[PDB]
């Protein structure tokens, strides 16, 4: 009753937030003492594991004033800014406390520098009202055009490039591939329109760098993979497009525990070693789960890879039964969205999660053996996770029909 906001979090079947009282590594403990395996991981921001020792020791020293104070520039900030630039590229870098803040600030800065009114957008960019819209493919009141990753619509808007300030996309790699990114970049280069790569979720997710070399971003944003859940986002890119960032300052800019979490996490993420380990362990869990369901005739497949994957169910009913069965075994999934294991998802935890998937499979057998994975199932589950249209061959009339089905 007290809380005016509606934060995204795991919720039970009746909509009330699931309470977890402690966590460590890959395991969460609920009030009754039951241990769950976390695949949500603070919506993908805990990439090293809950309570990671090295980060925790750095945070504790920073809370005791040993590595700088919030009053002033600290010795470690230069190394943070320098490594961000080495890993992600760009002329200049900037820092924020949320992805929402970073996305609003850089989009306004790029719009100002370009002196053009229209921004074309696909993917989620945060909660700020500037992104709200009543319908896709047309400007909202802030000049933003949602194009749902549809390149026919994008091509049309870019055929009048004079008025387009920038294209901002949150890249997805479960449902968009080489073909889509090659044509996206071809179109934007032809229009000479700068691209803002919103890599809040996928920046540093797959390797020590941005998510695909097929994109050529003028500006990038990363956050979830940067600080093991502490509130830090970073931006970088072309100096003239980010000129307006000179007016950005906020009180907690130099707060030392966030600085400790970001520097300690980035030094490790910049080696690529956590992403490689997560990839191997997650790949094993995916392969085990895919074969389990296929052998038991459960109509649920997987998209993505070990770093970032999602469940594709034939229908809503299937997804509901899956989610109840998963919860009963102590698997904590981000329901209808993407699963992002952390480095704490070791070989032993994989074994444990596979045993829990074995029991979910056994609890779903013979209930939905008839149902097929239709094109409708693939678009609906992709729409939940990457917030637009999957790259699957389709007619223009089919685009309209999908959007009519799925738009909120």
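Numbering follows the first chain given and starts at 1.
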property	result
Between 218-226 and 149-157 (mean CA B-factor, as deposited), the higher	149-157
Per the entry, higher mean C-alpha B factor between 129-137 and 227-235	129-137
Residue of maximum C-alpha B factor among 56, 363, 46, 37, per deposited coordinates	363
Given 288, 201, 268, 104, the residue at which the Cα B factor reaches its maximum	288
Third of the chain's Cα B-factor distribution that residue 337 belongs to, per the entry	highest
Residue 308, C-alpha B-factor rank within chain (lowest, middle or highest third)	middle
Chain-wide C-alpha B factor ranking for residue 240, given as lowest, middle or highest third	middle
Chain-wide C-alpha B factor ranking for residue 192, given as lowest, middle or highest third	middle
Residue 166, C-alpha B-factor rank within chain (lowest, middle or highest third)	lowest
